[PDB]
Every structure is written in C-alpha cells, then in structure tokens.
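Source file: coords24.txt (compact mmCIF, N, CA and C atoms)
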```txt
# COMPACT_ATOMS: atom_id res chain seq x y z
N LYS U 535 -2.70 -26.00 76.05
CA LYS U 535 -1.61 -26.47 75.22
C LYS U 535 -0.71 -27.42 75.99
N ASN U 536 -0.05 -28.30 75.24
CA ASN U 536 1.02 -29.17 75.76
C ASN U 536 0.51 -30.17 76.78
N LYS U 537 -0.62 -30.81 76.49
CA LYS U 537 -1.09 -31.93 77.30
C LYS U 537 -2.15 -32.70 76.51
N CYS U 538 -2.44 -33.91 76.98
CA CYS U 538 -3.42 -34.77 76.33
C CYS U 538 -4.82 -34.23 76.59
N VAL U 539 -5.43 -33.64 75.56
CA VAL U 539 -6.72 -32.98 75.65
C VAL U 539 -7.61 -33.50 74.53
N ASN U 540 -8.92 -33.51 74.79
CA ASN U 540 -9.91 -33.81 73.77
C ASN U 540 -10.36 -32.50 73.13
N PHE U 541 -10.00 -32.31 71.87
CA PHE U 541 -10.23 -31.05 71.17
C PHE U 541 -11.37 -31.18 70.17
N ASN U 542 -12.06 -30.05 69.97
CA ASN U 542 -13.17 -29.97 69.02
C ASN U 542 -13.03 -28.65 68.28
N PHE U 543 -12.51 -28.71 67.06
CA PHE U 543 -12.29 -27.54 66.21
C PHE U 543 -13.30 -27.58 65.06
N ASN U 544 -14.30 -26.70 65.12
CA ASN U 544 -15.29 -26.55 64.06
C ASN U 544 -15.98 -27.88 63.75
N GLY U 545 -16.37 -28.59 64.81
CA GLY U 545 -17.01 -29.88 64.67
C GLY U 545 -16.06 -31.03 64.42
N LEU U 546 -14.77 -30.76 64.21
CA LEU U 546 -13.76 -31.79 64.05
C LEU U 546 -13.31 -32.23 65.44
N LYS U 547 -13.67 -33.44 65.83
CA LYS U 547 -13.32 -33.97 67.14
C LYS U 547 -12.04 -34.79 67.06
N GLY U 548 -11.30 -34.79 68.16
CA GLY U 548 -10.09 -35.59 68.24
C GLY U 548 -9.52 -35.55 69.63
N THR U 549 -8.47 -36.34 69.83
CA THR U 549 -7.77 -36.41 71.11
C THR U 549 -6.27 -36.37 70.84
N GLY U 550 -5.55 -35.51 71.56
CA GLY U 550 -4.12 -35.44 71.35
C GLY U 550 -3.51 -34.27 72.10
N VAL U 551 -2.29 -33.92 71.69
CA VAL U 551 -1.52 -32.84 72.29
C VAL U 551 -1.37 -31.74 71.25
N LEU U 552 -1.70 -30.52 71.66
CA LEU U 552 -1.64 -29.34 70.80
C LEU U 552 -0.35 -28.59 71.11
N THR U 553 0.48 -28.38 70.09
CA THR U 553 1.73 -27.67 70.27
C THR U 553 1.80 -26.50 69.29
N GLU U 554 2.57 -25.49 69.67
CA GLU U 554 2.82 -24.38 68.75
C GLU U 554 3.55 -24.89 67.52
N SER U 555 3.09 -24.46 66.35
CA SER U 555 3.54 -25.01 65.08
C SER U 555 4.45 -24.02 64.37
N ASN U 556 5.56 -24.52 63.84
CA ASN U 556 6.46 -23.74 63.00
C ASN U 556 6.15 -23.91 61.52
N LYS U 557 5.10 -24.64 61.17
CA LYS U 557 4.69 -24.77 59.78
C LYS U 557 4.26 -23.41 59.23
N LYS U 558 4.46 -23.22 57.93
CA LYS U 558 4.31 -21.91 57.32
C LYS U 558 3.38 -21.94 56.11
N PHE U 559 2.29 -22.70 56.17
CA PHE U 559 1.43 -22.78 55.00
C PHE U 559 0.76 -21.44 54.74
N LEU U 560 0.37 -21.23 53.48
CA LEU U 560 -0.07 -19.92 53.03
C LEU U 560 -1.37 -19.52 53.73
N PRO U 561 -1.65 -18.21 53.80
CA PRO U 561 -2.82 -17.75 54.57
C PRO U 561 -4.14 -18.36 54.12
N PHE U 562 -4.32 -18.59 52.82
CA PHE U 562 -5.59 -19.16 52.37
C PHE U 562 -5.75 -20.60 52.84
N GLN U 563 -4.65 -21.33 53.00
CA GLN U 563 -4.73 -22.72 53.43
C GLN U 563 -5.18 -22.80 54.88
N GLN U 564 -6.06 -23.77 55.16
CA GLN U 564 -6.69 -23.90 56.47
C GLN U 564 -6.24 -25.13 57.23
N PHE U 565 -6.36 -26.31 56.64
CA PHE U 565 -6.02 -27.56 57.30
C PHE U 565 -4.67 -28.08 56.81
N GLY U 566 -4.16 -29.08 57.51
CA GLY U 566 -2.93 -29.73 57.12
C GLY U 566 -3.00 -31.23 57.30
N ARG U 567 -2.76 -31.99 56.24
CA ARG U 567 -2.83 -33.44 56.28
C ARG U 567 -1.43 -34.03 56.21
N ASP U 568 -1.36 -35.35 56.17
CA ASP U 568 -0.10 -36.07 56.25
C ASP U 568 -0.10 -37.19 55.21
N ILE U 569 0.87 -38.09 55.33
CA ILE U 569 0.97 -39.22 54.42
C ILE U 569 -0.25 -40.13 54.57
N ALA U 570 -0.68 -40.38 55.80
CA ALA U 570 -1.80 -41.25 56.09
C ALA U 570 -3.15 -40.59 55.83
N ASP U 571 -3.15 -39.36 55.32
CA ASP U 571 -4.38 -38.63 55.00
C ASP U 571 -5.24 -38.40 56.24
N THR U 572 -4.64 -37.79 57.25
CA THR U 572 -5.35 -37.34 58.44
C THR U 572 -4.82 -35.97 58.84
N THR U 573 -5.67 -35.19 59.49
CA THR U 573 -5.32 -33.82 59.85
C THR U 573 -4.37 -33.82 61.04
N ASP U 574 -3.16 -33.30 60.84
CA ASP U 574 -2.19 -33.16 61.92
C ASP U 574 -1.86 -31.72 62.26
N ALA U 575 -2.11 -30.78 61.35
CA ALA U 575 -1.90 -29.36 61.60
C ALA U 575 -3.20 -28.62 61.35
N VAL U 576 -3.54 -27.70 62.24
CA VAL U 576 -4.82 -27.00 62.21
C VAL U 576 -4.57 -25.52 62.47
N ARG U 577 -5.56 -24.70 62.10
CA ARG U 577 -5.53 -23.27 62.34
C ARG U 577 -6.76 -22.89 63.16
N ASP U 578 -6.53 -22.18 64.26
CA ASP U 578 -7.62 -21.86 65.18
C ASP U 578 -8.58 -20.85 64.55
N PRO U 579 -9.89 -21.01 64.75
CA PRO U 579 -10.83 -20.02 64.19
C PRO U 579 -10.78 -18.67 64.89
N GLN U 580 -10.78 -18.65 66.22
CA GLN U 580 -10.82 -17.39 66.95
C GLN U 580 -9.58 -16.54 66.68
N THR U 581 -8.40 -17.14 66.81
CA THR U 581 -7.14 -16.46 66.55
C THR U 581 -6.37 -17.26 65.50
N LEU U 582 -6.01 -16.60 64.41
CA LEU U 582 -5.38 -17.30 63.29
C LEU U 582 -3.95 -17.68 63.63
N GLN H 920 54.14 -72.60 44.15
CA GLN H 920 53.53 -72.00 45.33
C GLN H 920 53.32 -70.50 45.15
N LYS H 921 54.39 -69.75 44.86
CA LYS H 921 54.28 -68.30 44.82
C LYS H 921 53.39 -67.83 43.68
N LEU H 922 53.37 -68.58 42.57
CA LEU H 922 52.44 -68.26 41.49
C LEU H 922 51.00 -68.37 41.96
N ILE H 923 50.69 -69.43 42.71
CA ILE H 923 49.34 -69.60 43.25
C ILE H 923 49.01 -68.48 44.23
N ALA H 924 49.98 -68.08 45.05
CA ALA H 924 49.75 -66.98 45.98
C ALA H 924 49.44 -65.69 45.24
N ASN H 925 50.20 -65.40 44.18
CA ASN H 925 49.94 -64.20 43.38
C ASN H 925 48.56 -64.26 42.74
N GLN H 926 48.18 -65.42 42.19
CA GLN H 926 46.87 -65.54 41.58
C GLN H 926 45.76 -65.33 42.61
N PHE H 927 45.94 -65.89 43.81
CA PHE H 927 44.93 -65.74 44.86
C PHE H 927 44.78 -64.28 45.28
N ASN H 928 45.90 -63.58 45.49
CA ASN H 928 45.83 -62.18 45.87
C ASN H 928 45.18 -61.34 44.77
N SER H 929 45.56 -61.59 43.52
CA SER H 929 44.96 -60.84 42.41
C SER H 929 43.47 -61.11 42.31
N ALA H 930 43.05 -62.36 42.53
CA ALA H 930 41.63 -62.68 42.49
C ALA H 930 40.88 -61.96 43.59
N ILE H 931 41.44 -61.91 44.80
CA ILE H 931 40.78 -61.19 45.89
C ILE H 931 40.64 -59.71 45.56
N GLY H 932 41.71 -59.11 45.03
CA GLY H 932 41.63 -57.71 44.63
C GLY H 932 40.58 -57.47 43.56
N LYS H 933 40.50 -58.36 42.57
CA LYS H 933 39.49 -58.23 41.53
C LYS H 933 38.09 -58.34 42.11
N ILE H 934 37.88 -59.26 43.06
CA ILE H 934 36.57 -59.37 43.70
C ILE H 934 36.22 -58.08 44.42
N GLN H 935 37.17 -57.52 45.17
CA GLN H 935 36.90 -56.28 45.89
C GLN H 935 36.51 -55.17 44.92
N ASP H 936 37.30 -54.98 43.86
CA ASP H 936 37.04 -53.88 42.94
C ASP H 936 35.73 -54.08 42.18
N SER H 937 35.47 -55.30 41.69
CA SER H 937 34.24 -55.57 40.96
C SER H 937 33.02 -55.40 41.86
N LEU H 938 33.10 -55.86 43.10
CA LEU H 938 32.00 -55.68 44.04
C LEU H 938 31.76 -54.21 44.32
N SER H 939 32.84 -53.42 44.42
CA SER H 939 32.69 -51.98 44.60
C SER H 939 32.01 -51.34 43.39
N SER H 940 32.39 -51.74 42.18
CA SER H 940 31.99 -51.03 40.97
C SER H 940 30.63 -51.45 40.44
N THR H 941 30.05 -52.55 40.93
CA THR H 941 28.77 -53.03 40.42
C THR H 941 27.68 -52.81 41.47
N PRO H 942 26.69 -51.96 41.21
CA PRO H 942 25.67 -51.69 42.23
C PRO H 942 24.56 -52.73 42.29
N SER H 943 24.32 -53.48 41.22
CA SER H 943 23.23 -54.45 41.17
C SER H 943 23.62 -55.82 41.70
N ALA H 944 24.85 -55.98 42.19
CA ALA H 944 25.26 -57.27 42.73
C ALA H 944 24.48 -57.63 43.99
N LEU H 945 24.19 -56.65 44.84
CA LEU H 945 23.51 -56.87 46.11
C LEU H 945 22.02 -56.59 46.02
N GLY H 946 21.41 -56.83 44.85
CA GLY H 946 19.99 -56.58 44.71
C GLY H 946 19.14 -57.42 45.64
N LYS H 947 19.43 -58.72 45.71
CA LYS H 947 18.59 -59.65 46.48
C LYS H 947 18.30 -59.12 47.87
N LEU H 948 19.35 -58.94 48.69
CA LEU H 948 19.16 -58.38 50.02
C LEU H 948 18.39 -57.08 49.96
N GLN H 949 18.84 -56.14 49.12
CA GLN H 949 18.12 -54.88 48.96
C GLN H 949 16.66 -55.14 48.66
N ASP H 950 16.39 -56.02 47.70
CA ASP H 950 15.01 -56.34 47.34
C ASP H 950 14.20 -56.70 48.57
N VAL H 951 14.74 -57.57 49.42
CA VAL H 951 14.04 -57.97 50.64
C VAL H 951 13.52 -56.74 51.37
N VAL H 952 14.42 -55.82 51.71
CA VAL H 952 14.02 -54.65 52.48
C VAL H 952 12.89 -53.93 51.78
N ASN H 953 13.05 -53.69 50.47
CA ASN H 953 12.04 -52.95 49.73
C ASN H 953 10.67 -53.56 49.95
N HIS H 954 10.56 -54.88 49.76
CA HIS H 954 9.27 -55.54 49.94
C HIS H 954 8.62 -55.10 51.24
N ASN H 955 9.31 -55.35 52.36
CA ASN H 955 8.70 -55.04 53.65
C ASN H 955 8.27 -53.58 53.69
N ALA H 956 9.18 -52.67 53.33
CA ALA H 956 8.84 -51.26 53.37
C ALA H 956 7.59 -51.00 52.55
N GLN H 957 7.59 -51.46 51.29
CA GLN H 957 6.43 -51.22 50.44
C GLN H 957 5.18 -51.77 51.08
N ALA H 958 5.25 -53.01 51.59
CA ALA H 958 4.08 -53.61 52.22
C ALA H 958 3.54 -52.70 53.31
N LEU H 959 4.42 -52.25 54.21
CA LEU H 959 3.96 -51.40 55.30
C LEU H 959 3.29 -50.16 54.75
N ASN H 960 3.91 -49.53 53.75
CA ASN H 960 3.33 -48.33 53.17
C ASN H 960 1.92 -48.61 52.68
N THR H 961 1.75 -49.72 51.96
CA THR H 961 0.43 -50.05 51.44
C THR H 961 -0.60 -50.10 52.56
N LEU H 962 -0.24 -50.73 53.68
CA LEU H 962 -1.18 -50.85 54.78
C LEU H 962 -1.64 -49.47 55.25
N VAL H 963 -0.70 -48.53 55.36
CA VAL H 963 -1.05 -47.18 55.80
C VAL H 963 -2.06 -46.57 54.83
N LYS H 964 -1.84 -46.77 53.53
CA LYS H 964 -2.74 -46.19 52.54
C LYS H 964 -4.15 -46.75 52.70
N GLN H 965 -4.28 -47.97 53.22
CA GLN H 965 -5.60 -48.56 53.38
C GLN H 965 -6.45 -47.80 54.39
N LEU H 966 -5.84 -46.93 55.19
CA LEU H 966 -6.62 -46.13 56.12
C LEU H 966 -7.31 -44.96 55.45
N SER H 967 -6.99 -44.69 54.18
CA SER H 967 -7.56 -43.55 53.47
C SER H 967 -8.72 -43.94 52.55
```

Spell out the structure here as structure tokens.
Amino acid sequence: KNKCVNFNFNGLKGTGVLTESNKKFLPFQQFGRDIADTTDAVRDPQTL
Amino acid sequence: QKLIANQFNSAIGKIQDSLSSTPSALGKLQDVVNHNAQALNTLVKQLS
C-alpha cells in the first residue's frame, strides 16, 4: 500500500497507488467507476 | 451644473442597481467559460 505499484486484480491490470478507502458502497457492489468511466475503487478478493 | 451632477449620480445609482438585479446582463462572459468547460468535458467522454 501507499506506493507506485503495478497491480493485477482478477486479471484487471493497472499501475498506481493503492490507498485505504472510506467509500461505503453496498456489499453486493464490487467495482467503482468515475466520470471518465474507469475503475478507481476496487474490492480485494482475498479480504473484502 | 448641480442639476447635471444630480442626474449623473442618479444614473450611476440606477446602473448599479439594475446591474445587481439582472442576472442575464453578464451572459456573454459567462457563456465563454461554459464553452471551454463543456468542450473539455466532451473530450473526457471520448475516452469511454
């Protein structure tokens, strides 16, 4: 966490910084998109 | 002289009050900003 890392979540590849999220989306919801229609918030598979 | 001074002061006051009370007077400048903003937004949408 908290550094420039190349991440691969369930085949979703990307590069960026992973931070603890205060977002509160409902338990059934998995991904989180933005205005530009790209994933900015994610939920880890191993630990929810 | 003093009549002209009174007319000038009253005209300035009327301009101030009318400019305050009319929101569409400054559309042109406002319009400018809107264009740029909208344009930028459109470009972002093109990534989707």

What separation in Å, quoted to one decimal, exists between atom N of residue U:537 and atom CA of residue U:578?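 Spanning atom N of residue U:537 to atom CA of residue U:578 is a straight-line distance of 16.0 Å.
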
Could you give me, as a list in words, the residues within 10 Å of residue U:570, counting only C-alpha atoms and dropping anything in the same chain fewer than 4 positions from it? residues 574 of chain U; 960, 962, 963, 964, 965, 966 and 967 of chain H

Contacts of stretch 539-548 of chain U at 9 Å (only C-alpha atoms; same-chain gap of 3+ positions) as a list in words: residues 535, 536, 551, 552, 576, 577, 578 and 579 of chain U

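Atom C of residue U:554 to atom CA of residue U:572 spans 17.8 Å [interatomic distance, one decimal].
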
Kindly give the distance, in Å, that separates atom CA of residue H:937 and atom CA of residue H:956, rounded to a single decimal.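 That distance, rounded to one decimal, is 28.6 Å.
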
Could you list, with a cut-off of 12 Å and counting only C-alpha atoms, the residues of chain U near chain H, each shown with its nearest atom pair and the distance in Å rounded to one decimal, rows sorted by chain and ascending number, as a tab-separated table?
```
residue	atom	partner	partner_atom	distance
U:567	CA	H:967	CA	11.5
U:568	CA	H:967	CA	10.9
U:569	CA	H:964	CA	8.1
U:570	CA	H:963	CA	6.0
U:571	CA	H:967	CA	6.1
U:572	CA	H:967	CA	8.3
U:573	CA	H:967	CA	11.8
```

From a backbone DSSP assignment, name each residue in chain H labelled alpha helix (DSSP H), as a PyMOL selection string. chain H and resi 921-940+946-964

Set up a box along x, y and z of the file covering all listed atoms of stretch 548-560 of chain U, add 6 Å on every one of the six sides, and write the centre and edge lengths in Å to one decimal, as JSON.
```
{"center_x": -2.4, "center_y": -28.0, "center_z": 62.7, "size_x": 29.8, "size_y": 28.9, "size_z": 31.3}
```

Which parts of chain U does DSSP call strand (DSSP E) when run on the backbone here, written out as a ChimeraX atom specification? /U:538-543,546-551
